[PDB]
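One structure is given below, encoded as structure tokens.
Bear in mind that the values in this text are calculations on the coordinates, not laboratory data. Ideal geometry is used to build each Cβ from the backbone, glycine not excepted, and the neighbour counts take in all protein chains shown.
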Amino acid sequence: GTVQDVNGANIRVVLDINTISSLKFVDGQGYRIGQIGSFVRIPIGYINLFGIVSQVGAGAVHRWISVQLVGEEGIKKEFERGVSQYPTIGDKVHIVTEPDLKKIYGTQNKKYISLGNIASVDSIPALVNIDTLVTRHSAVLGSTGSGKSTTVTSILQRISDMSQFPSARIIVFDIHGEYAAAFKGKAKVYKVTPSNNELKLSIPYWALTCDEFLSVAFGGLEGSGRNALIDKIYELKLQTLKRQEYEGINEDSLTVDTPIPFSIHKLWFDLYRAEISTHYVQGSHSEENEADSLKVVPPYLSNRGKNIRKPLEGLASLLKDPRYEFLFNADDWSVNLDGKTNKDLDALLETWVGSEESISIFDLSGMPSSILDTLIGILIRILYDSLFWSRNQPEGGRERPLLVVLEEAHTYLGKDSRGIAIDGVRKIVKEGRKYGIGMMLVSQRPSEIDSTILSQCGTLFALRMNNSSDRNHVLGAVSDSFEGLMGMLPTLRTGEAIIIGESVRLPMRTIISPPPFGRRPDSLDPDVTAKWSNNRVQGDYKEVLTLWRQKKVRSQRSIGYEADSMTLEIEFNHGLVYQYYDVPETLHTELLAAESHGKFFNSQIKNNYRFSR
Amino acid sequence: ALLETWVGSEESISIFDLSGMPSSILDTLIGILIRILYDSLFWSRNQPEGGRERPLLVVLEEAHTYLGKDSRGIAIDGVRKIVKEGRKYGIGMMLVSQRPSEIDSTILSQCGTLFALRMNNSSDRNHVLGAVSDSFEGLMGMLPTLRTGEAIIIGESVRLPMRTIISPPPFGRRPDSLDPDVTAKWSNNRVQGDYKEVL
Amino acid sequence: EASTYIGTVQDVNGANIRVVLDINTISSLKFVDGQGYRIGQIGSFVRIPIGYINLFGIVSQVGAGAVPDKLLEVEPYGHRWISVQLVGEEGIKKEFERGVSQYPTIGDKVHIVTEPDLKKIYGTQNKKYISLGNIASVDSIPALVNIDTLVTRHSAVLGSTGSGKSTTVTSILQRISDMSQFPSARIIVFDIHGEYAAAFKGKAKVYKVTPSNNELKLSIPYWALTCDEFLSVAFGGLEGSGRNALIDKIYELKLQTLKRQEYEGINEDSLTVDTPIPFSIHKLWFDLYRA
Amino acid sequence: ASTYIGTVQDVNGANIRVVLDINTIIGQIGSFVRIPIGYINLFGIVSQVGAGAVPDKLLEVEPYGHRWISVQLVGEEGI
């Protein structure tokens, strides 16, 4: 293989070896003839001019290949981009063997972290500086069938070594709640209604800006109702300042965006009493002429009735909805009738971004899809403001690297998305470069994401992408295009990835090293065949009707037991809890003496007694 | 009793026949049916009657008149809610249509598996191609020339996109709407009428 | 050369191989131990063995559309090129998995796929998969489709009205709800034209609106409705204070029936307007029309 | 010379479309530009930058090409 052409940025070769083409082995290691993913090397005197193969066959004119120049070495220094002299006819082009690849893939910086093994040989590491991965941006694009959860979780877990990253801080905005099993004990879990070991996510609504309050609670008031709400909010803030003294807060500089709690249940009670009750004496609308607040029940007609009866009714309905419990009924931030809570927002911030762990998992799985975009925007803005307004102290984002991952972002970061979350993401991308806040996008349909926002991401994680629209859209956002790496996209095995960006010295199509056994992300989906294979047993829909009327998921009813309660209990893996009823205690006593902990359970207790998961 | 009759009977399949119902309110009442089923299977998920224990499959026939681009009905909201949430409450979905260019693109794009039969016009084929994430040019180029009964199963429920021949049902079990036979009725000899009874 | 041999790789573009059909033309049968397979059909598969493992691919273009640029200028009368798109590969006797490992090089051998290899590709040992049909090429191979993910992920059936989509849907529902293998199937069908009742003679419950002989009667109680949809169905969407008056009177009737009849877990404190509690509609109309 | 941006490629009276030459590796929305024609100078204010200034045909021809800016002429300084 001797180069016989120089065409700017693509040389062409004419091999003279008759039929070598059989894994030409040098020094006991078998290198191959010019393949798709191989590297080239054209020696010119003393410096080594290297290259990467892009296309093989008649597309270069068979004995012609389409080689692409990338870089060359100086005086035995290192792998450098920018060649000194493109080779000419007469010199034989050699290949980059395993030690030469190690030298090319070797780095002297200890900040570089080995993320896996090259697909070519399973020994050479992918030295990746994690400063670039957290500080600039990230993006994960590929098909769902390529195993995105596995690779993402492996990257997150390797990034979060206690010995290697003692000052890590990772927030994953998983929507499906599929990462609970991924890091069972290494990350906190925040849901709406946790069960055993997860904390309960709570959002104080008074800590958000006025516009967010109008959008989520008021439903988008803009006329007289919005201005009345502004008046009520200002008056309530002044009353809260007067009733309880807040450091740095007085009646002089009470701003609209002041994160000081104000009565909202009492506000609804006032907005209902001003438009419901009837004045005892006509001509006057006195408060003594009546002809609870925490409770949503409200007690000539009153002349102060508003025209926001529908928004008030919507607010009252939201106050009773169980899905708004984490919205308006925070445990430590439960606003009393006089606007008094047991704790403050600093406690919330400390609980969120100050835990003893390195990774914290916040899950919005149970959130209603009605205002989810506003909730995401509120969370992102709260994090950014908390770590920017306190960025001068060593507790800010600058002294504590923060990396927020957003999954399935093509629905919230679309080309025509006009929500509040996209504004916050743009603000982060445009400001946090100095504030040290990272962002990583996860999606399985890259063709919908905005081009410019994706173009602002530093490093990409390319998985298998069969459809060509996704390939075109991804190529539209990468500025270092090598046809050897550009065309290998749709034939990636489930687990491999292409990492391109500032986090790698050379574009590495490496293998995402699988996470250790026992930590494999998987949502707890039902098994169709297992559920549908069991025989038909009698059912009791009266309990279902009672639960539906009561709107309660709690029924009225390790091998534990209670002979008085006659409820044998067997526990499965992953924290599942079962309560088998109508089980005589002798059966469970025999089961405890049966084998060890199984068999007997499926033999008799599985499909003979009503259970409860 | 109503819930047990609907989704608790000894027979596996329940068929709701909405042919005789008024056409002006069909969308709304379908919306209420969806809402009732979703709430019943959601608030009792921990019970043995809940979805997480026994899966429930929802089949919507002629979905192109209800899931339009700018539909203002109630059934579209329920369908979107099912599509975006029911993965955890054990409630499925299955859209049967004959005009994919009318179905909302976002709703169609989230369907797990597609069964592309013979498709004649070009707009529907373009929409289907734009609403699939596993595209093989050879397979997708054969759509307008599929035999009566063939199918192209594409999605996450199969190892590869594949051109199958669906097994025919046993004889005597074939769908058939008992619409009037115009030729047979019109071929009959005319008889003297009596419109007093009609009045 | 050995049988099951087609041509030679002469180009590579990452995931788009261009292959040359060999000189032994006019045959177009290529008999392989009995049955013969037409060479270079659109839907056919090919196999490219590299040393120890095999690479599979699906044909996409045949003829002048697959030949590269310079060859047409050299000779426009020769169109014996095909365009193969990679799909997956077969490991060391383990199974067939998607995603390639090492791409082929120029001069490699491409091989036609024989029916045993098609069985090896489309055959799997997983017990979740169930058979729905046969492949178009040969009817021996069964069409194995996952059932749990099909129900839970989502589904769709798209096709023309003349393609018999109703029969396919009926067959799919019958196969899914087989009593021998799935005795706990639960399927709800919102038939609109009422054409599925004949398919399931005695295997399903039919809820018509005007039952005649043996079908049940559909019935939607009005009190199970919420307030907004009930108003939309009945009153056509009032927007004035009449909506408030109707809501208030419905609340009064619900309170009265709560006083008359006891309900578990429901009191004057935990009762909303949309609570599924029966209430008289005739009394509502009579009061609001006498007033 | 220095302070060079590119050349104009479309004139619709008062809506000038400019290609930002090459080697850009910047002109904001509110920034000013100068177009010297012969002896006098023409000043303008950038109107839109990005895909909007891309012509209708080029939008389909090249959707990911961001090298066009739209300039609206404002004033002129004489001799």
Of the residues in segment A:479-512, those that are over 24 Å from B:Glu156 (Cα atoms), under 23 Å from the mean Cα position of the chain (by Cα) and either surrounded by fewer than 18 Cβ atoms within 10 Å (Cβ to Cβ) or within 7 Å of chain C (Cβ to nearest Cβ) (or both) come to A:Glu502
Specify which of the listed residues (C:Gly14, C:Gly36) is surrounded by 16 or more Cβ atoms within 10 Å (Cβ to Cβ) and among the small types (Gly, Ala, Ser).
C:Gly14
From (1) among the hydroxyl-bearing types (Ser, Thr, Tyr); (2) touching a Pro at 6+ places or on another chain (Cβ under 7 Å); (3) over 24 Å from B:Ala131 (Cβ atoms), pick out the condition that doesn't hold for C:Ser241.
(2)
Out of the residues in segment A:308-317 that are among the hydrophobic types (A, V, I, L, M, F, W, C) and away from chain C (no Cβ under 12 Å), which is nearest to the chain's Cα centre (by Cα)?
A:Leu315
State whether one or more residues within segment A:186-197 are in contact with a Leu (Cβ under 9 Å, 6 or more places away or on another chain), within 14 Å of chain B (Cβ to nearest Cβ) and either surrounded by fewer than 23 Cβ atoms within 10 Å (Cβ to Cβ) or farther than 29 Å from C:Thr149 by Cβ (or both).
yes
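Given the criteria closer than 16 Å to A:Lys92 by Cβ, of a type outside the set (D, E, K, R) and not in a strand (DSSP E or B), does A:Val6 qualify?
Working: closer than 16 Å to A:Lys92 by Cβ: yes; of a type outside the set (D, E, K, R): yes; not in a strand (DSSP E or B): yes.
Yes.
Please specify each residue of segment A:467-488 satisfying the condition of being hydroxyl-bearing (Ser, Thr, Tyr) and under 14 Å from D:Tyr64 (Cβ atoms). Let's see the steps before the verdict.
Going through segment A:467-488, the residues hydroxyl-bearing (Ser, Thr, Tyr) turn out to be A:468-469, A:479, A:481.
A:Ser469, A:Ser479, A:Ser481, listed by residue number.
Taking B:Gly92, is it of a type in the set (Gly, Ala, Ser), in contact with a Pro (Cβ under 8 Å, 6 or more places away or on another chain) and under 18 Å from B:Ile107 (Cα atoms)?
Numbers: of a type in the set (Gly, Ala, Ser): yes; in contact with a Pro (Cβ under 8 Å, 6 or more places away or on another chain): yes; under 18 Å from B:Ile107 (Cα atoms): yes.
Taking the combined requirement at face value, the residue satisfies it.
Do we have any residue at all in segment C:148-170 that's of a type in the set (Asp, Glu) and more than 17 Å from the chain's Cα centre (by Cα)?
Going residue by residue through segment C:148-170, those that are of a type in the set (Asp, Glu) are C:148.
From the residues that got through so far, the ones that are more than 17 Å from the chain's Cα centre (by Cα) too are none.
No; the residues of segment C:148-170 include none that is of a type in the set (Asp, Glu) and more than 17 Å from the chain's Cα centre (by Cα).
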Given the criterion outside any loop (DSSP other than H, G, I, E, B), among the hydroxyl-bearing types (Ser, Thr, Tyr) and surrounded by fewer than 18 Cβ atoms within 10 Å (Cβ to Cβ), identify the matching residue among A:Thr351, A:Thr341.
A:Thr351
Checking C:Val62 against (1) crowded, with 17+ Cβ neighbours inside 10 Å; (2) more than 14 Å from chain A (Cβ to nearest Cβ); (3) within 24 Å of C:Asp139 (Cβ to Cβ), which single condition isn't satisfied?
(3)
Going through (1) more than 16 Å from the chain's Cα centre (by Cα); (2) more than 12 Å from chain C (Cβ to nearest Cβ); (3) under 18 Å from A:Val504 (Cα atoms) one by one, A:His473 fails only at (3)
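Of all residues being in a strand (DSSP E or B) and within 12 Å of chain C (Cβ to nearest Cβ) in segment A:9-58, which is farthest from A:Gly484 (Cα to Cα)? Just the residue, please.
Across segment A:9-58, the extreme among qualifying residues is A:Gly30.
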Residue that is surrounded by the fewest Cβ atoms within 10 Å (Cβ to Cβ) [pool: residues in segment C:92-108 that are among the aliphatic types (A, V, I, L, M) and within 8 Å of chain A (Cβ to nearest Cβ)]:
C:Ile106
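Only one of these is among the charged types (D, E, K, R), more than 7 Å from every other protein chain (Cβ to nearest Cβ) and surrounded by 20 or more Cβ atoms within 10 Å (Cβ to Cβ): C:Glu115, C:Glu75, C:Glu89. Name it. Lay out the reasoning, then the answer.
Working: C:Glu115 fails: surrounded by 20 or more Cβ atoms within 10 Å (Cβ to Cβ); C:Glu75 fails: surrounded by 20 or more Cβ atoms within 10 Å (Cβ to Cβ).
Of C:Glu115, C:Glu75, C:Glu89, the one residue that is among the charged types (D, E, K, R), more than 7 Å from every other protein chain (Cβ to nearest Cβ) and surrounded by 20 or more Cβ atoms within 10 Å (Cβ to Cβ) is C:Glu89.
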So the helices (runs of 4 or more DSSP H) completely within segment A:527-612 holding 3 or more residues that are more than 30 Å from C:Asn146 (Cα to Cα) are A:541-550, A:585-593
Which one of these does B:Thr164 not meet: (1) at the interface with another protein chain (Cβ under 7 Å from one of its Cβ atoms); (2) assigned to a loop (DSSP other than H, G, I, E, B)?
(2)
Among the residues of segment D:24-78, which ones are of a type in the set (A, V, I, L, M, F, W, C), within 30 Å of A:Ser469 (Cα to Cα) and in contact with a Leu (Cβ under 8 Å, 6 or more places away or on another chain)?
D:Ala51, D:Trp68, D:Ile69
Between a first residue in segment C:234-261 that is more than 14 Å from C:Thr272 (Cβ to Cβ) and a second residue that is among the β-branched types (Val, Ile, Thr), which pairs have beta carbons less than 7 Å apart while being 6 or more apart in sequence or on different chains?
C:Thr257/C:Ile277
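For segment A:354-378, which positions are among the charged types (D, E, K, R), within 14 Å of chain B (Cβ to nearest Cβ) and assigned to a loop (DSSP other than H, G, I, E, B)?
A:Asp363
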With exposed (fewer than 12 other Cβ atoms within 10 Å of the Cβ) and either in contact with a strand residue (DSSP E or B) (Cβ under 8 Å, 6 or more places away or on another chain) or within 30 Å of A:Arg323 (Cβ to Cβ) (or both) as the only criterion, which of A:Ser596, A:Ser612, A:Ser558 stands out?
A:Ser558
